[PDB]
Amino acid sequence: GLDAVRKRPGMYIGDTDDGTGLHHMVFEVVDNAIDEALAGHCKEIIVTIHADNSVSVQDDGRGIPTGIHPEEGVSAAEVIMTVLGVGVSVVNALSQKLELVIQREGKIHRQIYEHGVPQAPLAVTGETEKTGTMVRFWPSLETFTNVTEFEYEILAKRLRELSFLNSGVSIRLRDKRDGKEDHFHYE
Ligand SMILES: CCNC(=O)Nc1cc(-n2cc(Br)cn2)c(C(=O)Nc2cccnc2)cn1
């Protein structure tokens with residue numbers, strides 16, 4: 001399944017050779033946080049372009065569920081990240097690495113994937129007084145060509161739009177490569 005997406009990435013994510021698909025990856029992750037905002041449980045989304053060719057999307061929602069199915073021994077989070085609004089599992093499949101961190105029920109949970117394949121089970125990594133979900137991913141350089149870096153104005157245009165289409169949600173955009181920051185929120 002993840003193999004399928006890796007074989008024909010352009011079908012799932014858009015053109016892989018001109019930056020379209022690259023940016024669609026970010027928007028799919030953001031759409032999941034927006035859905036949590038539409039459900040009334042997320043007030044702020046922070047999108048960060050890091051200086052190591054990754055993007056992170058952090059929300060202050062309920063957190064992705066962290067329970068385990070007792071007979072399968074697989075977490076809900078893993079199911080969400082690995083099984084086929086094209087969906088975050090596609091993003092995962094087309095990422096050399098993806099990091100999920102969930103803050104929920106007083107605990108921090110984390111899992112790492114490479115090309116969609118989990119590296120270890122979802123694990124507890126601390127305690128927290130906050131809630132929400134963070135996805136950070138490093139796009140596959142076997143998939144994307146020509147435009148392999150995130151472009152601030154593409155994200156800024158669309159995040160601004162998302163903030164006015166979902167009035168009340170605060171969307172912050174941050175670029176670690178030059179300190180640029182924007183705050184999109186509409187009343
Ligand atoms: C950075 C990307 N952000 C992001 O994915 N945020 C999310 C996603 C959520 N979920 C989407 C699914 Br399918 C399952 N959880 C949920 C969610 O629905 N959590 C939830 C709801 C009800 C009971 N337990 C957990 C919350 N935030």
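When you check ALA77 against the structure, is it hydrophobic (A, V, I, L, M, F, W, C) and within 23 Å of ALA4 (Cα to Cα), yes or no? Don't jump to the end; show me each part of the working.
On the way: hydrophobic (A, V, I, L, M, F, W, C): yes; within 23 Å of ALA4 (Cα to Cα): yes.
In short, yes.
Can you confirm whether the range 117-138 contains a residue that is charged (D, E, K, R), part of a loop (DSSP other than H, G, I, E, B) and within 15 Å of the ligand (Cβ to nearest atom)? Lay out the reasoning, then the answer.
First pass over the range 117-138, keeping only residues charged (D, E, K, R): 127, 129-130, 136.
With the extra rule that they be part of a loop (DSSP other than H, G, I, E, B), the set shrinks to 129-130.
Okay, now just the ones that are also within 15 Å of the ligand (Cβ to nearest atom), so 130.
The answer is yes, given that some residue of the range 117-138 is charged (D, E, K, R), part of a loop (DSSP other than H, G, I, E, B) and within 15 Å of the ligand (Cβ to nearest atom).
Given the criteria more than 10 Å from the ligand (Cβ to nearest atom), touching a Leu at 6+ places or on another chain (Cβ under 7 Å) and over 25 Å from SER163 (Cα atoms), does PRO9 qualify?
Details: more than 10 Å from the ligand (Cβ to nearest atom): yes; touching a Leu at 6+ places or on another chain (Cβ under 7 Å): yes; over 25 Å from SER163 (Cα atoms): yes.
Yes.
Can you name the condition, by its number, that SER163 falls short on among (1) farther than 24 Å from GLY10 by Cβ; (2) touching a helix residue (DSSP H, G or I) at 6+ places or on another chain (Cβ under 9 Å)?
(2)
Is there any pair linking a residue in the range 159-187 that is in a loop (DSSP other than H, G, I, E, B) to one that is among the aliphatic types (A, V, I, L, M) and surrounded by fewer than 16 Cβ atoms within 10 Å (Cβ to Cβ), with Cβ under 6 Å and at least six apart or on different chains, and which?
That search, which allows pairs on different chains as well, returns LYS176/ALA51; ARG177/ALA51.
Collect the residues in the range 152-175 that are surrounded by 14 or more Cβ atoms within 10 Å (Cβ to Cβ) and more than 14 Å from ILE34 (Cα to Cα), keeping them in residue-number order. So that I can check it myself, show each step before the final result.
Residues of the range 152-175 surrounded by 14 or more Cβ atoms within 10 Å (Cβ to Cβ): 152, 154-156, 158-160, 162-163, 166, 169-175.
Those that are surrounded by 14 or more Cβ atoms within 10 Å (Cβ to Cβ) and more than 14 Å from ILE34 (Cα to Cα): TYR152, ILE154, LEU155, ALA156, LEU173, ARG174, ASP175.
Suppose we filter the range 58-95 for residues that are farther than 14 Å from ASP31 by Cβ, in a loop (DSSP other than H, G, I, E, B) and away from the ligand (no atom under 13 Å from the Cβ); how many remain?
Total meeting the criteria: 5.
Considering only residues that are of a type outside the set (A, V, I, L, M), more than 21 Å from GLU149 (Cβ to Cβ) and crowded, with 18+ Cβ neighbours inside 10 Å, which ones fall in the range 88-112?
First, the residues of the range 88-112 that are of a type outside the set (A, V, I, L, M): 89, 92, 95-97, 99, 103-107, 109-111.
In the following step, the residues that additionally are more than 21 Å from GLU149 (Cβ to Cβ) were identified as 89, 103-107, 109-111.
Matches in the range 88-112: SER89, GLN103, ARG104, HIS109, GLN111.
In the range 35-57, how many are within 12 Å of the ligand (Cβ to nearest atom) and closer than 13 Å to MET134 by Cα?
Within the range 35-57, the first condition is being within 12 Å of the ligand (Cβ to nearest atom), and the residues that meet it are 35-42, 44-48, 55-57.
Now drop any that are not closer than 13 Å to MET134 by Cα, which leaves 36, 42, 44-48, 55-57.
The qualifying residues number 10.
Can we say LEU141 is surrounded by fewer than 17 Cβ atoms within 10 Å (Cβ to Cβ), of a type outside the set (S, T, N, Q) and not in a strand (DSSP E or B)? Full working, then the answer.
Details: surrounded by fewer than 17 Cβ atoms within 10 Å (Cβ to Cβ): yes; of a type outside the set (S, T, N, Q): yes; not in a strand (DSSP E or B): yes.
Here the answer is yes, as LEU141 does meet what is asked.
Every residue, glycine as well, gets a Cβ built from its backbone with ideal geometry; the counts of neighbours run over all protein chains shown. Taken together, the values in this text are just the output of simple stated rules run on the coordinates, not laboratory data.
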